[PDB]
Structures are given as structure tokens and as C-alpha cells.
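Experimental coordinates for this protein are included below, preceded by the sequence.
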Amino acid sequence: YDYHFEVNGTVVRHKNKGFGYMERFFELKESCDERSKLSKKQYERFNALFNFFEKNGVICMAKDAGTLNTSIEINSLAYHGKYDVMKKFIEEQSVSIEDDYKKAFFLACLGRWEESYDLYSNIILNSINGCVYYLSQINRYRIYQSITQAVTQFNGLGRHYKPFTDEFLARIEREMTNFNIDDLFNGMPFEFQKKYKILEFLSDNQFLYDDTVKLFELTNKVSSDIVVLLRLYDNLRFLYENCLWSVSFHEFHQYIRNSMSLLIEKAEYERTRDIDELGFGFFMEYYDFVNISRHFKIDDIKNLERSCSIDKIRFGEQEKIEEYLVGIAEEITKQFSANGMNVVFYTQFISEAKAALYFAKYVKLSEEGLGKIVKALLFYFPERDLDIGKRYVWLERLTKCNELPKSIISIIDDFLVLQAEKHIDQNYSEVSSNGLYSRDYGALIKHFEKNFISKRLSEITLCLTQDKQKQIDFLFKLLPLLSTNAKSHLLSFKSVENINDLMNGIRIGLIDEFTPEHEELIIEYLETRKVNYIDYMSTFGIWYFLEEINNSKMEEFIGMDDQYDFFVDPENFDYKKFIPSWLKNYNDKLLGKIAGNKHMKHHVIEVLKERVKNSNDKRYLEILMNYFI
Amino acid sequence: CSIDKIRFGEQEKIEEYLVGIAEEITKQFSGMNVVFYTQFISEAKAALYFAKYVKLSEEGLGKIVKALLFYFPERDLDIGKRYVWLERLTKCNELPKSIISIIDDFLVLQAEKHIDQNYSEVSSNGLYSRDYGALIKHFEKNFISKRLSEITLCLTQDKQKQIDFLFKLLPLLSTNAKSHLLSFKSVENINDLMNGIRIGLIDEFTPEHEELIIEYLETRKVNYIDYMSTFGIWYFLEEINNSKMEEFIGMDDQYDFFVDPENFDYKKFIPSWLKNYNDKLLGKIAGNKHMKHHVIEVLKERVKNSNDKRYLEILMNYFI
Amino acid sequence: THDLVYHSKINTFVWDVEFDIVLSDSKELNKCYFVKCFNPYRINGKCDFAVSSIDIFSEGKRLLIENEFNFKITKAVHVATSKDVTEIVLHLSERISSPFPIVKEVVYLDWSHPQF
């Protein structure tokens, strides 16, 4: 505690009442003339000290601080996701026992926890300064904890996997029985406990409590941000460059989550406060992107997106981020295109890959890198993590910064043809957690092209027969992608006899323009309902108001459904019957059309104003503010 | 949040806590423990600030108000901040006669301080003893301050600071006191113009007042190569019809916004301005039809991107 | 009704319950629920008006609605606590006045959209 060493690399005299040896060292460093005064041994010792201090980012004292450059740079293959290089390093013959420590960490980061445990045990055998020995003991306890937790989770969880043989589990349970991580440091040689006191925190259950409690400075509303970010970078560099497995634990991931989330929230708060006062901050780089991808869950990224305006956060080092994402895509392909699936590695890697591809929305990607990422996401991402709807969401997010090129459209077309091929089987049905299916990919393609015709799906449709029903009702949702001949061939497999067939045809996109016979069918259903008076009524009213129906013989059925009367003739509607919740069921197009009617606009404006005043409902408020309905 | 709509329980315990804080404030600043003061003053400040939402009895409110007005150090609570606290204390307790007497004592003490020519009130937020007098006159309309009237009747030309300070507090004075003050004091300066238009001495701007405004604008122009927003607002409600105001746009953004809404650059508009305008001014801005859609966009952006619920209130009530 | 959540963006209730219902064609379904997906930025056609898309799942597999889905709930059962909650379901359905008032889970597709 003789000096503070600040995160920017400036030293400050703190608690030493003797000679200012740090100031003298810096004075020696700045000017070479007094360096010759040292002896030869003292000269080489000073050279080693200077190399250490410049490698650890210690430049000078605070009083002599000038243009301070604080750029994060982690020398770790594990941090950068260089899995192929890590595998090559493990394959090589380790010259030193320090190379074995790196090898054991790389094995841990690749999911090979049994090999990592064996290597750590071997290093402990061959390591009795004793600094690698203590670190190997720490990391072996950490990997034993990881193996135990993974075994528990695999017992709890979609297919029963046994990555660790029960003989290995029993062996490590017996080896690490009654093993005290707390007693480890105290049992070290008394010289180690003096020279390497700073390592004792690696034996603690928690080591980021201080860094987490200092995160409250980001919640103040009255630099702290730079201090927090540089402290996070310091922790990451220490835990990765020194190959410490606690970097993979939930405590460190939660700490990174909390720090990054609070930094982004604080920057957003400063931006809004400035806008309030000045009336018109956090700049993300490659390392921030990798930290968010590795340590954030998708729910955490969603909380970040709803809380703050990430689109207002500009992204730097986008070539580095694109290289990271392309490496993630390549590893996804290697893990799943081939039989290289490592379940232990998969569990940790799939969350990072998901988060990286989710956060890639804010990154401008080159056409080739976008092609690699899109192909890996569509084809080689396992369905247990990213189903059809989730994978569509991930893909469509990539169009925010990269409007769909022709190559990506071809990849999505290949995906669509593969999905159609999967529908040869009658048992196959797409499972979506988002309600988004293969029709949405074709909708996106037609949105970004408006003239794209997929030749292979047209060929599939022209080959279709009446037997394989699944293919027809699959390709009917992909109707705009087909050619004229394919459209004509497909349209022969469905009938529009009764009104239910008409509703099915509208819903699946079979027919987009209302023929007079469809209008007559609608009127027949309406007459039947009117006769039997003493779900589709609202739909027909909305279609009439949306100018989808120009039959003009619907006003006969005014007085049964309040929504139908509201939509057929807004001018004559009684608005005490209006239900505000109706506005919560309409989409952008319908709400905008209601806003521009010049009728019913003031009634629904008053309804929305009453709803906002009475309930402070955010949905009603945003409906009233966006379209001014 | 709307803390005024949050119910407050155990209000007797809260009032006893506040009265104890007021007692300690009186004790410390009448044997001051400098180490205790640093930690205690933050809590006392926050307690008297948050006391706006708590109903207090007349005796407890009297103790709290007296401690706040007299024994709260000016180093932490300036006269404007002290007025802000005291006015916040009127949200749940309409000013009783005892509190009116306490504020009258504060005003008399302020005048006694102002008998010295060197003394001047320092207020970060721009509210002074005239605001205390306006607050007194708000709750009871026919209030005459006997002691300030006595000081007014004794006034001479030598004590100019007393003359101006009591001019700022003109409505509180009695008929004889205000007659004597107006015999000694006349409106001839721009600050006199604002004080007269505030206290109620003048209702409509005479051509001499507009000439004074023009003279101040010539000075501002020659210095350029915060009374600006007040002049812009005055011309906007059509109370100033001299029509030479437009020669003086470009100094500050609020004047330009108010004088020529069509020609103003609204990328330089400050949303917080809308939080300072009153009901009539906000309605006039909404109905001006020249800046209406621009400030609709500003209010919508503030509703979307800010947690201040005042912008939503403005947008819903006036549709500015 | 301790895991019952009222989602107000679309005025529905998320409740972990199953429904036994009958349509207007006497067809019977058992242990069926609904999932709502709020998609304001969905790429609509000319005839799409709803802001949410709803999928019906019976016995863990979704249904293809080819007929009219006018239905009446005959028995609603809470999975976590097997106590019958049918009466509460009808009460909420009458109060809510929206299609499918009670839904197994609501998926919000707004925050994950590129246009959010």
C-alpha cells in the first residue's frame, strides 16, 4: 500500500514515509543519463523492471501524466476464441511446464475437462518459486467444481449424455475428497506467501465483491465510467493471460454482465440528461462486443436493448468484430456439420455463439462474412437452441445494417428448398417457439427483392401431386416466391367453395385479391349470421374499411357486432360501444389507416387520451404517439 | 414517479422525526459540531425536502418552518433553496396564520439585513424574499405586514437598498406605506419594470416601459457583437406590440423561438423550456399553429426518451 | 392464481393451465393451450389486421386451424396445482373481451426486431 497504481497506469504516493523509490524509478526511466550510474547487475535489473512495467501498463506518476493511451489488449487465444490455434497448441509437445499450464487452460476452454484435470495433476506433480504449482492447484479445484456442476446439470437435463466416465468421476471424487482450497495458500512455503500474496484471492470463493460494490457509482445521478471499464479490462486480462479457469464461472460472468449493463445504462442516462439540458457516449469496440457475446445471455441482451438505445451506440473495430463472428460461424459449422460435437464444449460455446449472432445486428458485415454467418446460422445451428422462428429472428436482425444482398437471398432460398425437401415426409412439422415459420423467410426475401422467383421451389411445385399434401400446404405459404406456372399448378390443389375455405386461403396467402364470388360468399355468411342472430364479423368489417372489399352491400348487418359497425361506417358509429382494447389488436397498417380516416379519428384520440390519463398504459401511449390515431 | 399519489403512513412518527430534525437544526445553529454537521445536514436537507408529501400539524409545521427559515445554514440552503423547501411544505398544509407570521418574521429580518447597503441576497435558483412575500399573499389575499409597513414609513432616501427591497415586497405593505414608498421610489429601470409587472403596480406596458426594453436591447446588441426569455414571452402573448422586437433576434435561443416561431431553428430548442412555462403560455404556444408541430415532436421525443412525466402531462393537457 | 400474469401490451393473461374445449362441431380436445406472439413489425400482407398470432397446442403438438375455431371452454386445469380453475377462466374471459384471454405464454417479437 505504499502507492496507488491507477487503472490508467499512473502511480500515486499513498502510505510510504521513506524514500520515494517509485518516483526515483520513473526518473531513472525517463532520462538515460542516470541509468549509467547503476552497476551492471543493477542495470539489467532496471531493464527487467522497465520491461515489466511497460508490459503491465505502468507509465509514470500521476503528476507527470500526459497523453494517456489506455487500449485493452489481451494476449490470449482463449479470449479471442482461437479454437483451432488452441487445438494446434495442445497437439504440440510442451517444451516447458508453463506451456503445460497454458495447455491445461486451453483444454478447459475447449470442454476437454478430463484432459485438463489430468494435465493439472501432472503439473502439480512436476511443479514441486512454486507459482505455477499454486495456480495449478487453484485451476484443478476449479475444473473439478466445473465437472461436478456439469455432471449435475447433465443428470438434470434433451438427451442423456455421459461425457465423463463414472470411473473418472469416482477417481476425481476420491482424489479431491476433503480438499480445502482455503488451506492451500497457507500451506505454501512461507516465501511464496510473501512474494505471491496477491495470488491468495484466487483461493477465495468470491473475488469480485469489491468490483461489484464499486458498480454503484454508475447508478449515481448527480471518470467513474472509465474507471469501471478499465477495471473490467484489468480483471479480464489478468484472468485470461494468466490462464485462470475462474474466468468461466458464474461469478465472473455475472460481474461482466453487471458492469457492462450499468455502463451502458449510465451512458444512456447521460445522453438523455444532456438532451434535456442541451437540446441536441459509450463507444463499443471489439473487446466490448466479445465480452457481451461471451458473458451475456440472450435475456440480458434483451434487457440491454429495452433499457437503452443500442442503435445509438456506435460500434468500432467492425473488421475485428466481423472476424470474431466469422470465426464463431466457422466453429459452429465444425461442431455441427461434422461429428465434432463436444457436449461439454457445446454447452458453454452455444450461448456465446447465440449472443454473438444476436449482437451482430449492430455490426456492419461484409458480403462474404455475412454469407458465412448466415449460412452457419441457417444450416449448422442446432435446432435445440435456435428453432425455425428464433433462427429467422436472428437472420432478420442481420438486415438492419446489411440490406439483403443477392448471395444472402440465395442462401435463404437454399434454406427454403431444404425445408420443402424436409416436407416430403408427412410426419415432419416445423416447431417454432416464436410463431415464425418458413413462410417468414420467403416474406423477408420478397420484402427485400419484390421480384425474386426461386427456381428450385417452382420445380418442386411443378412436380407436386395430390398425394403429398404436406408439400402443397407448405409451398402455399411460399406462393409469392413461385413462378406463374408454379402458381397455376399449386392453385389447382385447393378449393374456395365455402367461407371457411376462403378464410383459410386468405390466412395462408392463397388469394390476395377479393373476387366477386368471394364477396358473395361473405354476404351469404353474413346473412346466415343475421338470420341466426335472434368471429369473422370483425374481420369482414376490417376488410371493408381497409378497402379490401368494395361490395357496398354490407351496411345491412350493422347493429350485431360493435367492431363491425365501427369499421363499416365510422361516421354513424356510437362510440360508447367502442372498446379501447380493440386498438391493442391492430397492427401498424390498420392503426395508420384508422388514423388517416378523417372520421373516428377524434373519437379514438379521446379514447386513447382517457386511457393514458387513467391507466398510464405504455401501449396506449405509444399507440397514441406513433400513429396519432 | 408521482410521489404525491403515494400514500404516506405513520405520519405522526414521520412528523415527530421531522420535528426532532428541526430541533437539532435549531440547537446546532443557535453549539455547532462541525463534524456532526457534515453528515447531519444532508439528512436534514433531504428530510425537509421529502416532507412535502407528509401532512404536518400546525405546531410541528411551525417548528419545522421556523428552523428551516432561521436556523438552517445559508451555506447549504440559500434563500432561494430555502423558499423552495418552504413552498414545498405548503403542498399538504395550506399556509396557516402561524406560518404566515413566521415568514413575516423572516421578511422583517431580511429587511433589517438590507438596511446595510453592502448586503445582497445570493440565490442560485433566482428566487428571493419577494417570492416569500408572493407566497404569503397567495394563501391569504388581504395580508398587510405591520412591521414592514413600519420600516417603510421610516424610510429615507439614504437607505436605497431598503427602498428597493421593500419595493419588491410592495403588496405586503399598507396603503400609507406603499404611498410613501412610491413617493420615494419610481420605476425607471428594467428590473423596476419586472418588479412592477410582478407585484401588480403596472398592468399594461406604457410606451416608456417599451422604450426601456428597447434601450436594454440596444445594450445587449452592442455587447453581443438573463432577461431575454422574459422579453420574448412578453412579445409572444401580444402584451408588447412595439413590433421592433424582431430587430434583436440572435442573442439567445428562447427569444428567437418566441418572437419568430416560423424562422426559429428548432434543433437549438431546449425541451426544459417547456417545464418553465405556465398554463396560459403553454396554451398560447399550443395554439400558435406556427411552432405547434415542432414542439409536438419535441414533446414526443421527451416522452419516449426521458423519465420526466411533466412532458407527458404537457403534451396531453395542451397538445403543444 | 399466483403465477397468473396480466400482459397489457396485448390485453391477455399468461397462466400455466390446460383447456378441455368443444368447438361448434362437437369435436373434443384435451389438455390444450394457446401461445400468443406479439408481432407489431411482422411483414403483413394485404388482409392481415391482427398484431398478434396465436397457435393452439394440444398434447404438445400444434393444430392447423382449417375450420371455424369458435369454442367453449369445458374444463380448465392448472398444471402446477391440479385444482380446477375453470370458473376463473370464464370470469376472465368475460372481463377481458379479447380473443383467447388466457394464454400459456406470450412471445414478444418487438424487442428482437431490427426495427425496434
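Arrived safely, thanks for sending. Numbers count the residues shown, from 1 in each chain, chains lettered A, B, ... in the order given.

Now residue 25. Nearest residue, chain neighbours left out?
Going with chain A. Ranked by CB to CB, 6 or more residues apart in numbering or on different chains and with sequence neighbours excluded, the top spatial neighbour of residue A:25 is residue A:49, at 6.9 Å. Where you see a C-beta, it was placed from the backbone N, CA and C, and this is true even at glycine.

The chain in question should be chain C.
Among residues not flanking residue C:25 along the chain, residue C:67 sits closest, at 6.6 Å (CB to CB, 6+ apart).

got it, and residue A:289?
Distances taken as CB to CB, 6+ apart place residue A:321 nearest to residue A:289, at 4.9 Å, with adjacent residues excluded.

and what of residue A:59?
Distances taken as CB to CB, 6+ apart place residue A:9 nearest to residue A:59, at 4.5 Å, with adjacent residues excluded.

Burial check on that neighbour, number of neighbours?
By other CB atoms under 10 Å in any protein chain shown, the residues close to residue A:9 number 20.

so how far is residue A:61 from it?
Separation of residue A:9 from residue A:61 (CB to CB, to the nearest Å) stands at 10 Å.

what's the answer for residue A:535, then?
77 Å.

Which one's more surrounded, those two?
Using other CB under 10 Å, the more surrounded residue of residue A:535 and residue A:61 is residue A:61, with 19 against 11.

give the contact list for the residue nearest to residue A:289.
A:286, A:289, A:315, A:360, A:363 (CB atoms under 8 Å, 6 or more residues apart in numbering or on different chains).

Can I get those residues in TSV including neighbour count?
TSV is the format used below for these (neighbours: other CB atoms under 10 Å in any protein chain shown):
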residue	neighbour count
A:286	19
A:289	24
A:315	18
A:360	28
A:363	24
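
Using JSON lines, lay out those together with distance to residue C:80.
As requested, those are exported to JSON lines (distance: CB to CB, whole Å):
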{"residue": "A:286", "distance to residue C:80": "45"}
{"residue": "A:289", "distance to residue C:80": "40"}
{"residue": "A:315", "distance to residue C:80": "43"}
{"residue": "A:360", "distance to residue C:80": "38"}
{"residue": "A:363", "distance to residue C:80": "42"}
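
okay, the host helix or strand of the residue nearest to residue A:289 in CSV with CA atoms only?
Per DSSP states H and E, residue A:321 falls inside helix A:318-337. Output of helix A:318-337 as CSV, limited to C-alpha atoms (Å, rounded to 0.1, in the frame of the first residue of the first chain):
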residue,chain,number,x,y,z
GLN,A,318,-16.0,-3.7,-37.0
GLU,A,319,-13.5,-5.7,-39.1
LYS,A,320,-12.3,-7.3,-35.8
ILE,A,321,-15.9,-8.0,-34.8
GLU,A,322,-16.6,-9.4,-38.2
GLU,A,323,-13.5,-11.7,-37.9
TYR,A,324,-14.8,-12.8,-34.5
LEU,A,325,-18.3,-13.5,-35.9
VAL,A,326,-16.9,-15.4,-38.9
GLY,A,327,-14.7,-17.5,-36.5
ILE,A,328,-17.8,-18.2,-34.4
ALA,A,329,-19.7,-19.3,-37.6
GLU,A,330,-16.8,-21.5,-38.7
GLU,A,331,-16.7,-23.2,-35.2
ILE,A,332,-20.5,-23.7,-35.4
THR,A,333,-20.0,-25.4,-38.8
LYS,A,334,-17.2,-27.5,-37.5
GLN,A,335,-19.2,-28.5,-34.4
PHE,A,336,-22.4,-29.4,-36.2
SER,A,337,-21.7,-30.0,-39.9
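
what distance separates that helix from the centre of its chain?
14 Å (CA atoms, centre = their mean, to the nearest Å).

The longest strand that chain C contains: partners in the sheet, and parallel or antiparallel?
Identified as the longest strand of chain C according to DSSP state E is strand C:28-38. Paired with strand C:28-38 in the same sheet, following DSSP bridges, are strand C:17-23 (antiparallel), strand C:52-58 (antiparallel), strand C:105-108 (parallel).

Tell me the spatial nearest neighbour of residue 66, not counting adjacent residues.
You didn't say which chain, so I picked chain A. Computed as CB to CB, 6+ apart, the closest residue to residue A:66 that is not its neighbour in sequence is residue A:60, at 8.0 Å.

my bad, the chain I had in mind was chain C
Excluding the flanking residues, the one nearest residue C:66 by CB to CB, 6+ apart is residue A:504, at 6.1 Å.

What helix or strand is the one you found located in?
Assigned by DSSP H and E, residue A:504 belongs to helix A:499-507.

Tell me how far that helix lies from the chain's centre.
38 Å.

Distance-wise, check residue C:1 relative to chain A.
With distances taken as CB to the nearest CB, to the nearest Å, residue C:1 is found 21 Å from chain A.

could you list every residue that touches that residue?
Residue C:1 neighbours (CB under 8 Å, 6+ apart): C:15, C:85, C:88.

what would those look like in CSV with secondary structure and distance to chain A?
What follows is the contacts of residue C:1, written out as CSV (DSSP: H, G, I helix; E, B strand; the rest coil; distance: CB to the nearest CB, whole Å):
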residue, secondary structure, distance to chain A
C:15, coil, 18
C:85, coil, 23
C:88, helix, 19
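
Most neighbours among the residues you listed, which one?
Each of these was scored for neighbours by other CB under 10 Å, and residue C:15 scores highest at 24 neighbours.

Residue C:78 is in contact with that one, correct?
Yes - applying CB atoms under 8 Å, one finds residue C:15 in contact with residue C:78, separated by 7.4 Å.

which neighbours do the two share?
Both residue C:15 and residue C:78 are in contact with residue C:85, where contact means CB under 8 Å, 6+ apart.

Tell me which stretches of chain C form helices.
C:86-96 (DSSP state H).

relative to helix B:292-305, how tilted is the longest helix seen in chain A?
Using DSSP H to define each element, chain A has its longest helix at helix A:250-278. Per axes from the mean of the first three to the mean of the last three CA atoms, to 10 degrees, the angle that helix A:250-278 makes with helix B:292-305 is 160 degrees.

Residue A:68 and chain C, how far apart?
For residue A:68, the distance to chain C equals 37 Å [CB to the nearest CB].

How many residues are close by residue A:307?
Residues contacting residue A:307 under the criterion other CB under 10 Å number 12.

do the same with residue A:233
Residue A:233 has 20 neighbours, counted by other CB under 10 Å.

residues in contact with it?
Residues in contact with residue A:233 (CB under 8 Å, 6+ apart) are A:72, A:287.

Next, format the strands paired with strand C:28-38 as CSV and append mean neighbour count.
Formatted as CSV, the strands paired with strand C:28-38 follow (neighbours: other CB under 10 Å):
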stretch, mean neighbour count
strand C:17-23, 18
strand C:52-58, 19
strand C:105-108, 18
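
Switch the ones you listed over to JSON lines; also include distance to residue A:297.
Converted to JSON lines, those look like this (distance: least, CB to CB, whole Å):
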{"stretch": "strand C:17-23", "distance to residue A:297": "28"}
{"stretch": "strand C:52-58", "distance to residue A:297": "25"}
{"stretch": "strand C:105-108", "distance to residue A:297": "16"}
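
Next up, the contacts around residue C:45.
Contacts of residue C:45 were listed using CB under 8 Å, 6+ apart, and they are A:509, A:512.

Which other helices and strands does the helix or strand containing residue A:614 contact?
Per DSSP H and E, residue A:614 falls inside helix A:601-615. With contacts defined as 3 or more CB pairs under 8 Å, 6 or more residues apart in numbering or on different chains; DSSP states H and E, helix A:601-615 has these neighbours: helix A:588-595, helix A:618-626, helix B:310-318.
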